[PDB]
Amino acid sequence: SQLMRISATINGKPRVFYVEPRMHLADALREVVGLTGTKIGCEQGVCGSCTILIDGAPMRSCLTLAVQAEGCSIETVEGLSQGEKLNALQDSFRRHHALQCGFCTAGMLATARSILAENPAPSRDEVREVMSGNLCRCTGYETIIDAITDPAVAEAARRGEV
Amino acid sequence: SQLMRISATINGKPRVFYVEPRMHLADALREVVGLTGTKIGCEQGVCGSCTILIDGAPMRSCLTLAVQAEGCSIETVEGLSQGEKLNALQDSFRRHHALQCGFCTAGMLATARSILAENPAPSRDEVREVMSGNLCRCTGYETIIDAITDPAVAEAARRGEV
Amino acid sequence: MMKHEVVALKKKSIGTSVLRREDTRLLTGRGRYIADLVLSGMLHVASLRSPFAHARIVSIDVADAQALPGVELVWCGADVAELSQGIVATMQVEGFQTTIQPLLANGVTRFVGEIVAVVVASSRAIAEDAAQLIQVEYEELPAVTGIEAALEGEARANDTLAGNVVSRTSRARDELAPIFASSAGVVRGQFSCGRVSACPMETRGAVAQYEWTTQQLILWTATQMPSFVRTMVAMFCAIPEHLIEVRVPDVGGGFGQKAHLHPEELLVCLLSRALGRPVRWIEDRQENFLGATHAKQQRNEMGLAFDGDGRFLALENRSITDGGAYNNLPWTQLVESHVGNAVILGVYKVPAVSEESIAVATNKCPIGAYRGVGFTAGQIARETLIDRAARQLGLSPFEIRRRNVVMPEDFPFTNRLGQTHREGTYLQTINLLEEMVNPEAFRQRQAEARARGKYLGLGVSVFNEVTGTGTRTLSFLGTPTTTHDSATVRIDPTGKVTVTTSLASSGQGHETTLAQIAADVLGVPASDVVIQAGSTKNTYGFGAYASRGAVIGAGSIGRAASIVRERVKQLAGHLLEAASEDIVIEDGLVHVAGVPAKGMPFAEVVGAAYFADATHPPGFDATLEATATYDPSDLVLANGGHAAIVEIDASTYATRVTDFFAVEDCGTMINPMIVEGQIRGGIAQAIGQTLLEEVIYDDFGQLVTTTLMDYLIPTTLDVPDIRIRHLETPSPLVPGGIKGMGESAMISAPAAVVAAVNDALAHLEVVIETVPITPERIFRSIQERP
Amino acid sequence: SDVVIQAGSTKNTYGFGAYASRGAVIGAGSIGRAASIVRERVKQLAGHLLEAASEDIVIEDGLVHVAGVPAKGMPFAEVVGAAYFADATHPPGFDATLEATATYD
Amino acid sequence: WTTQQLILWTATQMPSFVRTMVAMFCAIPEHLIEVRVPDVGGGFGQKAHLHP
Amino acid sequence: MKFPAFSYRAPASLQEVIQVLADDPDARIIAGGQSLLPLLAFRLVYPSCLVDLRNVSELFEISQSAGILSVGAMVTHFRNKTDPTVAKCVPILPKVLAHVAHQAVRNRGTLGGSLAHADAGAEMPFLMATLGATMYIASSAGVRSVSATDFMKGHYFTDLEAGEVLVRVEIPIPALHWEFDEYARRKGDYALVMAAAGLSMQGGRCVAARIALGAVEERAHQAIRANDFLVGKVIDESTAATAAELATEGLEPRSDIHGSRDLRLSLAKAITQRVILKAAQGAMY
Amino acid sequence: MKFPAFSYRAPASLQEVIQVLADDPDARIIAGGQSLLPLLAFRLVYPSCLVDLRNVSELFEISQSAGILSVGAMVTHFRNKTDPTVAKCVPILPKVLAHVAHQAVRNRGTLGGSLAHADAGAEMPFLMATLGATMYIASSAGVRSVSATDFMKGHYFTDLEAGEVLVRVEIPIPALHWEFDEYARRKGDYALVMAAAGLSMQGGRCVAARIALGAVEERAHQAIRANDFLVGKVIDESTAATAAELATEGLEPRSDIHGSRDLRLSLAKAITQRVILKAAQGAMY
Ligand SMILES: Cc1cc2nc3c(=O)[nH]c(=O)nc-3n(C[C@H](O)[C@H](O)[C@H](O)COP(=O)(O)OP(=O)(O)OC[C@H]3O[C@@H](n4cnc5c(N)ncnc54)[C@H](O)[C@@H]3O)c2cc1C
Ligand SMILES: Cc1cc2nc3c(=O)[nH]c(=O)nc-3n(C[C@H](O)[C@H](O)[C@H](O)COP(=O)(O)OP(=O)(O)OC[C@H]3O[C@@H](n4cnc5c(N)ncnc54)[C@H](O)[C@@H]3O)c2cc1C
Ligand SMILES: Nc1ccn([C@@H]2O[C@H](COP(=O)(O)OP(=O)(O)OC[C@H]3Oc4nc5nc(N)nc(O)c5nc4C(S)=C3S)[C@@H](O)[C@H]2O)c(=O)n1
Ligand code: SMO
Ligand code: SMO
Ligand code: FES
Ligand code: FES
Ligand code: FES
Ligand code: FES
């Protein structure tokens, strides 16, 4: 067979999917698993739109073979909201108008959660530095920085709810 | 796996589909194979809306287990037209206004094809007799009898193209 | 009122039998019905129903069902009650008892088949598996099993009501006793019709998709009234209306059954919102018999008094409807007897009338609308008595009718019950029908049938019918309701036309006929027009029912098309130097009426309207898309007649309808081919109701007919070839003179068959006043002969 | 919150789209013209019911009332409901259509 | 083909324009064409052109 | 209305079929499925596994030998109604099958399935008993035979024991000339009453008669009183009428929504008289 | 932009990886995939199979022994930049890694992958050569070693032969105090030029110096002229400036869309001067 059985945990749920080695993880999540939240803007690892968390670490899903997801715990944007409510970070993005077309948002959230996991209240400079690998063509970035440093986001991060 | 690998030819093409024994052929064609032309109106073998041809013979697909399709050649309404044009029988149904809501049509065509295969020019009485197992709530049947006995249909039947 | 406007048009496409554009997808398996819809993550609902006609629900245990793998949710009446109290159905009628039908029985069930619990699972099969795991404890209560018990018994069908009489009305109460006592002749009958099911080949179904991130709900449903469903879901589920869209796929037959709000339609919306995933409800054949609606069950104790010449002196009718446990929405139990008695005089002049309409609640599924509604029962009773009166006097059934029908010289004529006849072919229909039948030859054939042990009978039925049903008609029927039906028409830049309607089709050809109407109004080929339907995103209307589609469609599309047509005329007149009022559009040519050379192609004028600012006259409104509602200014009465010949075997009591003749006058026919299809379809259902079909509830309230094995609908062997003739009396209240006719055959054809059976057995001095007329009933009638 | 914007389909309306900083303006103008057509019909009905000239009717905070007299007002929903389902409340020559289309430039 | 209708989903800033142009350049009757626009991830004028 | 869950097997041999049914008491056989699936759709039966007989070739055989027609249990109504051998040996069989359901159902339904289902209103159980056929039933222990009359014990009641498989039916080539008829709302519909008349005519006089009524009672009714009466008589309207009365007296049909007891009897008498006259007509032909 | 087709294997041992590569010449190794996948996306390479090293645990080891830091080929930039042993033994490593791409890329990229890819503008090939590291390469014939300088032969050109696997890199713990810097359009961007300076001071006088420039030419440039000049001098602005000129004279950068030869040299000089002063600062204090 050309397809390979891959076992990985996605957004807290153990999943089994079949993919050919030639397919990257971004495409697998989108087309095989059916989670289109992960976006593709370059497939070269530069734009960061496909950024997701693998075993808690942000990685480019376009530069990860789907087969390399074997035995890993993946988190995509779809797994963020708890129940039918935006979590603290998502709500902050909305309140600060940190998105327009929304295409870069999934990747932004992934990197942002990584930052907040290590530091609940990073400085604007630290945020601009770590977020420099995620491109946005609509916002001018300032409001994204505002959203990430919002006090409600810091509080949620401290309680481990970001 | 409670699913069984079934091998059957559908509309001239060899197909392989997986189904549970508890699923009848009508549901398998519609939901597993994706050919929704076959309709379900009673699931008791009475209405005839799910009538299809299996190895050239009309049968109730709601009363045939999907697993019983193994090794059989199935013909659904989707296989009738050739090259994006209605065939003689279909065109006749249209010219004589032999359908309204169209729900009984797939089954009507299956039985009609069978009739025409044995006799290209059946009498109106013969058609009413053989079609008595296909229910239509819209038309009053007269125009379906008209369509099947149309001279262009008989001609096409003789040329083996109905 | 602007909604009354009757736009002017030159008929070109209208009147021609254009082949149906929908046929191609419907003949290739590419129709898209409700069960064919596929949505990602779609879940399935199954229902557990009450096995008792009336019972208290002591307890319900759904733990095991909830635990079964694949099951996502299990609700009982209490769960639903928190989200919606149910379907509220009422009427602006004095003494009418409002009913609120709970989506799921809660604490008590009021009819076998009522839903007591629902299960949503990964598949329909698994949902059913889980439903069988639900444990329910009942306490059977005395049930109301029929009209007699409802009126004279102690048991109450619906405990939220005061007594079992849901509605009681009498619009005419003349003193008739002395007339019946002194008239030269009298004929009376205690007619009864059993319940029947619309029994469409495609059962009911709906799929809801609620999206929490937008708070928007999309409800796909096989309905004849999309705008109505959208508004009711909003009200009964307390969901903002603008956040709801109802979509209608191709529908496999409706016939009125799909012209009701179903508890399940609300349930899937509630379920999808609760689960955050699509929820699909596709009922099986048994559920269609158990939990949809039944129709036609009324008893009519009718009496007709007449003089020595056959002139009708008085008509008395006590009509009672077996309404079921609740009032269906939106027709209610008034759908039978109430609206039926309003037109009980039909086409005849009867000076003295006394009638009463009674609707009673029983522990059965609610009575509902089915092609012809309550008009059918009275038609059967009156026409049968009229034929009996004729035989008693030695007059032909055609002659006695000529002596009582509203005559050509009589129009306009207002009968005793307030119906004004303005334009129709009553007399001409009787004469044409007789010519078609050739009674002289029938008498010869009949006499020669006795020698073969066959009873041949001729039955006649002449009718008139309210069509284009809108506000005015609903007022006349005693069920006050204001209607609203808008259409949108856009002339696309290249000169093509896009029409959007609120009308929903279930096989009657709107996709083709509405295009024919729009084409004629704008003076373009029908092939250049497309009809958009099945979405509430634009336009708003009551839908297709009461033979109103052709009329309402003609009127609304007419008005909307007229608005943009006028703007095209204004621009054309400006360029051609002529008053807009003098511009016409014909065969795609926009020109000065009477002067084709002084014109421009339609596409060129439209092109300029969109993209040539400099060509616009001052004050011009370049908008080439408009919307308008339409409602006829008065009744739009269609008419016709039917004659049936039946043969009954003297030894086996087998009955066969050997001939059927139809005369129809629906004003201007849009598509003769489609109209005849409607006539033949209605005639088949009529034969079904009169000789084969019956939904049966036994003495305990159990539904004994839940399969196609026990519920017999006509086959190719039950319906004969049918002969049809047409007459056209244009309505001045509808563009093109169009009148409706969808229900015509189911109003009148049943009467023709019943009359035929009675004519066949007349020589034995036997009558049959109950439908369906089965071999058992014929056997019994003949055995008890005098 | 009582309004929803439908876009992304050519089934109804026709426009050049969003470009040259025209969205807010073209949207305001076209939606304004369309809403005004139906707004006037609501005022005509409200005027009839409140016995006042349409030009003196104002709709603010979901209240349809005579300018300066919010005392003789009716909630928006009540007037609209009558427009759709209360034929007897309609003034002579009224056009009950509460959906309209208009181009703006 | 059974309805002769075309649905074109496209990330465009000018849907009506695209619909009219498809009809013109492909000789397909305009009333049988519907253009749909899903959420679009930025255009800035680039998606305000008819693409081959 | 969806079938309950179950496993599926289609063994290539009879012994394996017998073994599976024997090993699993809840397993049930499936042939054409035209009676079983509707039952499953109504969830009136809950088999653990369905054992298809499609791959047991011998059950599809039709043959003749020494005055007897052998029809395998898996022979479809369609084949029985069109097969040359059957047509020449037992011509009454295809004439009766014309009344059974419709084309589509007949393309799947089998003789064995019809007999095992044993609907008291079915044509095959009635006909086989009337024609004096013999059923051959297989079990782990071997093959046993039983008359068609003993096989059909009542509505949905046969002599079939747990784990047994009806293998074939052997029909003696009739000496009597048979004619059949029935009363159904519409041809193809389950009959309210059916009747068969087998006659032997020597001249224009009846020498032997076998009159049978079906669907009136739970089992075929061999009208001995009518048989005896017809012996030695010239069959005419009055005689056929008297025999019809004798054939229906004592019968007790069940009253239901499709017909009362009295209607049933009246119809049974009318149909019986009709078939007797028809058989007399054909016999002398 | 989709990868061409290929098979995949992720063997549990180094020996097996070697066997796979030996048996299939068209097979290629995949580590973090951050440099190979982009090439596959452009279809610049067509491997028959990709052999993942993810399951070869020995390649993930980090250890120190007798003055030398051992880093396995599969150690990610992230681990190298945060590991305690690496930080204590070779503090210049994590400081250089801060310039490599961004967090997401450093979470998958590895030391071995970076070295084997051998981009002339990459930090690791430059740093390892400059630090005098030794690479250990395994093949079917055994394990061999080569200096980091000899390992990096040019842009996308290493001493690696067909079927070989870089197993680990051994870095001698430095006696010199190192500082690093580079010029990149934006921090993280591939540098136009990078420089490293390692110094030893006796009071305010330099006694040992190692100046190296990378990304200017295809291989790291050890500025011997500069090294020899700095020895014995007090390192101030003017001295660092002269050393910078000595370090860049002779270099031949290539002009492209991101910078001309002259710009490159100007930048090389500025960056080198800066790092030298920074190194002298850290060395003395
Ligand atoms: C709409 C409709 C109308 C019909 N009308 C009529 C009619 O008018 N007249 C008529 O007589 N029939 C009628 N039938 C039924 C038809 O004849 C069935 O095919 C028949 O009754 C059952 O045969 P089958 O091969 O389908 O068997 P199946 O349905 O598979 O099963 C029949 C039963 O017999 C058992 N069984 C099957 N084969 C064997 C065997 N060899 N040994 C032991 N047990 C076995 C099965 O386990 C099951 O319990 C109708 C069916 C339908 C759906
Ligand atoms: C947007 C972007 C920006 C980047 N910016 C920089 C930057 O600023 N500086 C920089 O230095 N790098 C940069 N990188 C590249 C990054 O450092 C890569 O991770 C590294 O160059 C390759 O390591 P890898 O583990 O991903 O290996 P892979 O991509 O898997 O492959 C490396 C190559 O070496 C081979 N290979 C891998 N491991 C071995 C082994 N142990 N033995 C033998 N052959 C082997 C492979 O077959 C392949 O040819 C960037 C990458 C991206 C996507
Ligand atoms: N003068 C006229 C009148 C009617 N027509 C055509 O015949 C149709 C039915 O006529 P109309 O009386 O206008 O009624 P509706 O269009 O509103 O259809 C509903 C009507 O249609 C009937 N016929 C049905 N036919 C089918 N196939 N399916 C249903 O569900 C039907 N339901 C019934 C019932 S019940 C009803 S209320 C119209 O749509 C039109 O295409 C025409 O060509 N010219
Ligand atoms: O929908 Mo028709 O009026 S019963
Ligand atoms: O779409 Mo903006 O006009 S360049
Ligand atoms: S799509 Fe992965 S980095 Fe751009
Ligand atoms: S919001 Fe559009 S690219 Fe970021
Ligand atoms: S659904 Fe199969 S016969 Fe009705
Ligand atoms: S066309 Fe509607 S049921 Fe036949």
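Residues numbered from 1 in each chain as written, not as in the entry; some residues may be left out. Chains lettered and ligands numbered in written order. Part of a larger assembly, values for the part shown. Heavy atoms only, no water.

In terms of determination method and resolution, the entry is listed under X-ray crystallography at 1.80 Å.

Caption draft 1: Quick peek at the interface of chain C and chain B. Counting from both sides, the interface comprises 51 residues of chain C and, opposite them, 41 residues of chain B. In this assembly, chain C packs against chain B so that about 3,900 Å² is buried in total across both faces, 57% of it on carbon and sulfur atoms. It is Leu27(C), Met201(C) and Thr716(C) that lose the most area in chain C upon contact with chain B, and together they represent 20% of the buried surface on that side. Across the contact surface, chain C and chain B share 7 salt bridges. One salt bridge connects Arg22(B) with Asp129(C), and the closest N-O pair in it is separated by 2.9 Å. Put simply, chain C and chain B have 26 residue pairs in polar contact between them. If you list the elements that add at least two residues to the side of chain C that touches chain B, you get helix 1 (23–27), helix 4 (124–131) and helix 19 (672–692) of chain C. Broken down by element, the residue count for the side of chain C that touches chain B peaks at 8 residues, all from helix 19 of chain C. (Contact = heavy atoms within 4.5 Å. Buried area = accessible area lost by both parts, 1.4 Å probe. Salt bridge = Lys/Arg side-chain N within 4 Å of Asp/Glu carboxyl O. Polar contact = N/O pair within 3.5 Å; in protein donor to acceptor, adjacent residues only side chain to side chain. Helix = DSSP H or I, 4+ residues; strand = E, 2+ residues; numbered from the N terminus.)

Caption draft 2: Quick look at the packing of aromatic side chains. Counted according to the given criterion, the structure contains 16 aromatic pairs over all chains. An angle of 45 degrees between the planes, with centres 5.8 Å apart, marks the rings of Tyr84(D) and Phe85(D) as tilted. What makes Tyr84(D) buried here is its relative accessible area of 15%. Given the relative accessible area of 38%, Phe85(D) is considered partly exposed. In textbook terms, an aromatic cluster arises when at least three aromatic residues are bridged by ring pairs, as seen for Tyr540(C), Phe542(C), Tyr84(D) and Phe85(D). The positively charged end of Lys233(F) is found above the aromatic ring belonging to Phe229(F), 4.3 Å away from the centroid. (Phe/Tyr/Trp six-rings, centres within 6.5 Å; stacked < 30°, edge-to-face > 60°. Buried < 20%, exposed > 50% of the residue type's maximum accessible area, 1.4 Å probe, protein only. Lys NZ or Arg CZ within 6 Å of the ring centre and 35° of its normal.)

Caption draft 3: Broad picture of the site of ligand 2. Contacts to ligand 2 come from 33 residues, most closely from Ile29(G), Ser35(G), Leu36(G), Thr110(G) and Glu123(G). The site occupied by ligand 2 is bordered by residues of chains A and G. Within the contact set of ligand 2, an oxygen atom lies 3.1 Å away from a backbone nitrogen or oxygen of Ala101(G). Calculation on ligand 2 without its partners gives an accessible area of 990 Å², and the protein chains cover 91% of this total. A per-element tally of the shell around ligand 2 places helix 7 (residues 111–117) of chain G first, with 4 residues. (Near = heavy atom within 4 Å. Areas by Shrake-Rupley, 256 points an atom, 1.4 Å probe, with all protein chains shown as cover.)

Caption draft 4: Structural context of the interface of chain C and chain E. In this assembly, 16 residues from chain C lie in contact with 9 residues from chain E. When the two sides are added together, the surface that chain C and chain E hide from each other amounts to roughly 950 Å², 60% of it contributed by carbon and sulfur. Contact with chain E buries surface across chain C, with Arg30(C), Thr494(C) and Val530(C) losing the most and accounting together for 36% of the total. Linking chain C with chain E are 1 salt bridge. For the salt bridge of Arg19(E) with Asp492(C), the shortest nitrogen-to-oxygen distance reads 3.0 Å. Across the contact surface, chain C and chain E share 3 residue pairs in polar contact. Of all the elements in the fold, those that place two or more residues in the side of chain C that touches chain E are helix 1, strand 22 (497–501) and strand 23 (529–532) of chain C. Looking at the side of chain C that touches chain E residue by residue, the class counts come to 4 nonpolar, 5 polar and 7 charged. (Nonpolar A, V, L, I, M, F, W, Y, C, P; charged D, E, K, R; others polar.)

Caption draft 5: Spatial organisation of the pattern of salt bridges. Counted under the stated rule, the structure contains 105 salt bridges over all chains. Here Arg299(C) ties to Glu301(C) by a salt bridge, and the two come within 2.9 Å at their closest N and O atoms. What you see here is one network of salt bridges that share partners, running through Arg22(B), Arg49(C), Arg124(C), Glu128(C), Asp129(C), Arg204(C), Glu264(C), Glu283(C), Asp284(C), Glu287(C) and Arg43(F).

Caption draft 6: A look at the site of ligand 1. As a structural note, the neighbourhood of ligand 1 is formed by 33 residues, with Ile29(F), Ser35(F), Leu36(F), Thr110(F) and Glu123(F) the closest of them. More than one chain reaches ligand 1: its neighbouring residues belong to chains B and F. Here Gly32(F) contributes a backbone N or O atom positioned 3.0 Å from an oxygen atom of ligand 1. The separation between an oxygen atom of ligand 1 and a polar side-chain atom of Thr110(F) is 2.7 Å.

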